[PDB]
Amino acid sequence: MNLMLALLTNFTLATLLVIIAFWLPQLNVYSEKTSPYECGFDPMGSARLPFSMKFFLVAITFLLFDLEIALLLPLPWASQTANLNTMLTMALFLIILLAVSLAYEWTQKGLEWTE
Amino acid sequence: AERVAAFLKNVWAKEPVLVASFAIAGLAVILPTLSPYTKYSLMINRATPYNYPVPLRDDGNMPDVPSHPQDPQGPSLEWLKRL
Amino acid sequence: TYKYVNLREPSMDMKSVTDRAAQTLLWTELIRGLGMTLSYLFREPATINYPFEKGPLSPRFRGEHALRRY
Amino acid sequence: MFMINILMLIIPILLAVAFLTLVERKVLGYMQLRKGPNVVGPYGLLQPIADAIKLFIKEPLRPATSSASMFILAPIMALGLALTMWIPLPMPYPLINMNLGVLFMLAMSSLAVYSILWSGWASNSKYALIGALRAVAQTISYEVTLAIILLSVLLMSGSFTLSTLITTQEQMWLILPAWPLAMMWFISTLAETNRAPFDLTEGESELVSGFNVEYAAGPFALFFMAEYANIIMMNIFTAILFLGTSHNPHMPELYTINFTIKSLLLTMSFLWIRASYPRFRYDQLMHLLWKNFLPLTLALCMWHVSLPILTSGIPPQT
Amino acid sequence: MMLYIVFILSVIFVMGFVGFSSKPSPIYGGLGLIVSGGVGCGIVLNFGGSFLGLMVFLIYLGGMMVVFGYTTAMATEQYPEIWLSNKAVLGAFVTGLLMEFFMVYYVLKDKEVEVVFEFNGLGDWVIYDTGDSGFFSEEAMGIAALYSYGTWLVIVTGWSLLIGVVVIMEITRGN
Amino acid sequence: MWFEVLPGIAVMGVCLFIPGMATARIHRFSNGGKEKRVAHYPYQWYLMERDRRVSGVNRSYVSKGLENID
Amino acid sequence: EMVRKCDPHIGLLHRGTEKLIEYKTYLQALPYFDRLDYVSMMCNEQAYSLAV
Amino acid sequence: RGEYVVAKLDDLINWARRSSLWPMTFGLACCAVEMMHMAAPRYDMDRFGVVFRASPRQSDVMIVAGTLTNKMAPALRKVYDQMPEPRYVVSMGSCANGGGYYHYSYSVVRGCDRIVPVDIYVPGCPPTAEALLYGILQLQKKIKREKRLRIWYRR
Ligand SMILES: CCCCCCCCCCCCCCCCCC(=O)OC[C@H](COP(=O)(O)OCCN)OC(=O)CCCCCCCCCCCCCCCCC
Ligand code: SF4
């Protein structure tokens, strides 16, 4: 409720400013003005052409490393249990395996961008 | 022993950040085993009363179950107060 | 005559290696740059208040032409 | 009275953003032996007003090649989410008291990247596209590290509630036991806000203007407003995390004054850092946060999970 | 009304699925998955789970950010397709909406729809629990037990992630 | 000089102080001069909903003391 | 962002300086050298001076 | 009178525009060196509210500082056409005024005014940084005299 109003107000204000920006000023539109910007000379090829990603391997590793926060963020609550010996063992076990995962991709040239 | 203090010196010169990492992570796996206070972390967690202490039915043969909360029987948190 | 600009070898004694390790971890040489710009903040700016203050010139200045008389 | 409370939040934020532009231009000027704005109003106090009016009465143009709906949505999304990062902030009483405030700010921060990605892609320009793909690279660099750093600091606090960080730091600041995390958090906020030396999504010297190269007039202002509102918000987050202020229930004003000063000084440091260092390469940023911070962050996450247990100092759950 | 908040979010949840199921440019497909992942946080959040709601949303924002980068590199053409650019995409988008509309229309009028399963339309609030919990969040307690009870789940999930990194490097080595 | 930068900081500082001050006063205004109730867990909410019934005016911040027992 | 080929297209500041110097006396051609490397003005004059 | 109120609004927008002039980062030849010295500490054009921005779409002024060649002329008009209005052009130096030292060259445009409209001409080879700053201040006073709203009102 209070969150819905806070969200509703924040985006309504942003939408009004955009509305004002497009309707308050004087407009003068012609083809040259709206042409794509590439430093004064016409572009060669569409901007929609493929753009190679040289860090693709790190991007995939990001997904696997971005899950660990899901599994590691519950740790503050997990520390409130009576089985600290078990909880501590499996908390360090999960982080150690992440370190091994980073170590493998590092030593195997996986963090180095393709040329 | 001379060689051992030549690989450590090389990594400390070429990768100091990794030397700190393995030291901090190493101390995290060992100290909990050696620390005398690891028992109290487990005892404090047990002493935290999330649930209601449902009473037992006095059958006349439970000498170690307190009749009243202010009775000497039952677990005591005297250790925790002085910790 | 000449001189090398980047021909040096860092001493490998333990104290020096630890000094560099502290620099790498504690960002010592990045804080000198902060100190250098901090000092400039407290120096008087060199900005003149144009058009009320004009940059100095000399009699030889070559500006707008004019036709002279006796 | 809640609508008034929201207005008493967003409206001051915009004024703070407006005059943070003036402060940056003068602070950089004096660090560069200049004065900065001192003509438009006494000591340049009316400069933000002139720039705001100028941009909103200037012609906005949609590029002929742009995707119109994404082109207009992106600036709205940036400012809308920029203001949304403030509602869980305890100063000392939050507008929306969230039990998971820390997690809410992470999700909103990630969602705010798409205002950069979609603005660049919708522009249909090569320079806007290159800057947008630097945002992908830059978010892959800090997002994982930034979460674990927060996790290590919450293992001394107890929960994800931001108001609970005030209770944690009542006897002492968190920057003493966790200055190694504070250093890596501070540099992670620079990357997250796209600030120098990590201003790669824009990269004036490399990409002219980056993702917002095609935007002009009012639409450009929203991106500018969001960027500066994020600097203050993140520096408020840093103060609450590592420079917690003492809370007196009967004098909440004293908290705001001390808490406000700590945020300004952290905000000045952002201006200070922009005037001192060159710009990273967006592939060197990835190696910085994956080969230096991440190995240490994982080690400090193990240490901060074991340290409370081996000293019997586990914080309360509630 | 505010008593139908979950149902309203669920309708938006479906509309986001008809967004990327019509298969426009993966740029717009990834936008529908962000929308459905945001309301999905809201639906799960209204049933008592806030960590789950903010975690799936947090995870799916990371995934779509990588997918956006891959789309501009592997899955782009000169004219990316919008929902109005193909009769195939538009037909799938309109068909999905008209099917959601009739499911909503019948479940709100009759309050009873039978498609494979018997569904009721008295409001999602009628099945909630009438007894408050204690001084803790039940979902947080359950997730926090992954490290005390779910030791075997931690080992298999931990091993899978480690093997995941090894696997992707082998697949992408080439030559 | 460097102290001509301060006026901008003062205006910025006053603007960042308002959000905290307004929330504190508005909370006290709308809760009978007390802090807004923090209900993070269901037990705290159950006690807040109980306060509304006890109040008799449908407000959880209208507390009834020992004058209500007899 | 990897560069495969740099192809510097120059001549956007070609003004025919070398052709103009042919219609100017040696004194009249001196200021043309202040405007070649316009960051090193008195070093371009000197090279031309030593040549003449 | 209603023409008094528009005149005050006309003053407001005029004030907002001359106090926030953003030149395009566009230099061609030696005259750009004197354009940097205007941004240097001694003159500090930034204190007048004048800030360079690289994108033509985020600029209000084009300072054509240097020689304009036939190869560069199409590019100059392109970045000028892409500036959102209102936009102003300041011609700096003899080369951009009337061709200057290279007026009779086969590869030089005899004046940037052949390609784009010009509002202020700054003479010199090069103009001093104090002469360009005088030109920008003359442009501001030229914007102060605009009466768009008092001409719209009288239509
Ligand atoms: C009970 C369970 C807890 C124990 C967990 C067991 C797993 C531990 C490891 C988990 C983290 C993964 C790291 C393992 C890989 C180590 C790094 C590595 O393999 O790098 C290989 C390295 C290649 O480097 P290169 O380019 O060839 O140049 C240098 C020449 N060596 O060349 C090399 O040969 C590496 C050099 C030797 C590295 C030794 C690493 C030792 C790590 C443990 C240190 C613990 C001691 C510190 C704590 C002490 C207490 C304070
Ligand atoms: S006018 Fe003079 S200074 Fe300017 S470009 Fe031409 S020759 Fe160089």
### Query
If you take the residues in the range H:92-113 that are more than 10 Å from ligand 2 (Cβ to nearest atom) and within 13 Å of the chain's Cα centre (by Cα), which one is surrounded by the most Cβ atoms within 10 Å (Cβ to Cβ)?
H:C112
## Note on the structure
So the helices (runs of 4 or more DSSP H) completely within the range D:251-318 holding 1 or more residues that are more than 23 Å from the chain's Cα centre (by Cα), facing chain F (nearest Cβ under 10 Å) and among the acidic types (D, E) are D:252-274
### Task
Pick out the one residue from D:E206, D:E214 that is surrounded by 24 or more Cβ atoms within 10 Å (Cβ to Cβ), farther than 22 Å from D:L20 by Cα and touching a helix residue (DSSP H, G or I) at 6+ places or on another chain (Cβ under 9 Å).
D:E214
### Message
So, B:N45, is that one of a type in the set (S, T, N, Q), more than 7 Å from every other protein chain (Cβ to nearest Cβ) and either closer than 30 Å to E:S133 by Cβ or within 12 Å of ligand 1 (Cβ to nearest atom) (or both) or not?
### Response
no
### Task
Scan the range A:57-70 and report the pairs whose first residue is on the phi > 0 side of the Ramachandran plot and whose second residue is crowded, with 22+ Cβ neighbours inside 10 Å and hydrophobic (A, V, I, L, M, F, W, C), with Cβ atoms within less than 8 Å and a gap of 6+ or a chain change.
none
### Query
Looking at D:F223, is it under 25 Å from D:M77 (Cβ atoms), within 14 Å of chain A (Cβ to nearest Cβ) and out of contact with any strand residue (DSSP E or B) (no Cβ under 6 Å at 6 or more places or on another chain)?
yes
### Task
Being more than 8 Å from every other protein chain (Cβ to nearest Cβ), under 14 Å from the mean Cα position of the chain (by Cα) and among the charged types (D, E, K, R) is the filter here, so list the residues in the range C:20-51 that pass it.
C:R32
### Query
Among the numbered criteria (1) at positive phi; (2) not in a loop (DSSP other than H, G, I, E, B), which single criterion is violated by E:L108?
(1)
## Note on the structure
Checked the range H:25-44 for anything more than 12 Å from ligand 2 (Cβ to nearest atom), among the aliphatic types (A, V, I, L, M) and either assigned to a loop (DSSP other than H, G, I, E, B) or within 19 Å of H:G99 (Cβ to Cβ) (or both); matches are H:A40
## Note on the structure
Exactly one of A:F62, A:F55, A:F51, A:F22 is within 21 Å of the chain's Cα centre (by Cα), over 24 Å from E:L162 (Cα atoms) and within 7 Å of another protein chain (Cβ to nearest Cβ), and that one is A:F51
## Note on the structure
Within the range H:42-77, residues being within 30 Å of D:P42 (Cα to Cα), among the aliphatic types (A, V, I, L, M) and either away from chain A (no Cβ under 14 Å) or without any contact (Cβ under 8 Å) to a residue 12 or more places away in the chain (or both) number 5
### Task
Answer yes or no: is there a residue in the range E:92-99 that is in a helix (DSSP H, G or I), more than 10 Å from chain A (Cβ to nearest Cβ), among the β-branched types (V, I, T) and free of Cβ contacts under 8 Å to residues at least 60 places away in the same chain.
yes
### Query
Quick one: in the range F:2-19, which of the residues that are touching a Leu at 6+ places or on another chain (Cβ under 9 Å) and of a type outside the set (A, V, I, L, M, F, W, C) is nearest to D:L46 (Cα to Cα)?
F:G8
### Residues of the range E:42-61 satisfying the condition of being more than 23 Å from E:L146 (Cα to Cα) and surrounded by 22 or more Cβ atoms within 10 Å (Cβ to Cβ)
E:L61
### Filter result for A:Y37 (more than 16 Å from ligand 2 (Cβ to nearest atom), surrounded by fewer than 14 Cβ atoms within 10 Å (Cβ to Cβ), closer than 30 Å to E:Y79 by Cβ and among the aromatic types (F, W, Y))
no
### Message
Step by step: first the residues of the range A:76-94, then only those that are more than 7 Å from chain E (Cβ to nearest Cβ) and farther than 26 Å from D:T164 by Cα, then the one that is nearest to ligand 1 (Cβ to nearest atom). Which residue is that?
### Response
A:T89
### Message
Looking at the range B:18-39 only, could you name the residues that are surrounded by fewer than 17 Cβ atoms within 10 Å (Cβ to Cβ) and more than 13 Å from ligand 1 (Cβ to nearest atom)?
### Response
B:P36, B:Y37, B:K39
### Task
Please tell me if B:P66 is more than 9 Å from chain D (Cβ to nearest Cβ), touching a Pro at 6+ places or on another chain (Cβ under 9 Å) and outside any helix (DSSP H, G or I).
yes
### Message
Against the definition (surrounded by fewer than 17 Cβ atoms within 10 Å (Cβ to Cβ) and in a helix (DSSP H, G or I)), how does A:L97 come out, yes or no?
### Response
no
### Message
Within the range D:61-68, does at least one residue satisfy the condition of being more than 9 Å from chain H (Cβ to nearest Cβ) and assigned to a helix (DSSP H, G or I)?
### Response
yes
#### Entry: Condition broken by E:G63, with the remaining ones in (1) more than 10 Å from chain D (Cβ to nearest Cβ); (2) touching a residue at least 60 places away in the same chain (Cβ under 8 Å); (3) closer than 30 Å to A:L3 by Cα satisfied
(2)
### Message
Going residue by residue through the range A:26-45, is there one that turns out to be within 7 Å of chain D (Cβ to nearest Cβ) and in a helix (DSSP H, G or I)?
### Response
no
## Note on the structure
If we ask which residues in the range D:180-200 are part of a helix (DSSP H, G or I) and touching a residue at least 24 places away in the same chain (Cβ under 8 Å), their number turns out to be 12
### Tally, over the range E:15-41, of residues that are out of contact with any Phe, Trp or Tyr (no Cβ under 7 Å at 6 or more places or on another chain), buried (at least 19 other Cβ atoms within 10 Å of the Cβ) and more than 26 Å from E:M74 (Cα to Cα)
0
### Query
Here are some residues: B:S21, B:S67, B:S35. Which one is among the hydroxyl-bearing types (S, T, Y) and more than 27 Å from the chain's Cα centre (by Cα)?
B:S67
### Task
Return yes when A:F11 is of a type in the set (F, W, Y) and more than 9 Å from chain D (Cβ to nearest Cβ) and no when it is not.
no
### Query
Among D:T145, D:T164, which is the only one that is within 14 Å of chain F (Cβ to nearest Cβ) and either over 18 Å from the mean Cα position of the chain (by Cα) or in contact (Cβ under 8 Å) with a residue 12 or more places away in the chain (or both)?
D:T164
### Task
Please state which of the following conditions H:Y4 fails to meet, knowing it meets all the rest: (1) within 16 Å of ligand 2 (Cβ to nearest atom); (2) part of a helix (DSSP H, G or I).
(1)
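Bear in mind these aren't lab numbers, they're just calculated from the coordinates by the rules spelled out. Methodologically, a virtual Cβ is constructed for each residue, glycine included, from the backbone with ideal geometry; neighbour enumeration extends over all protein chains shown.
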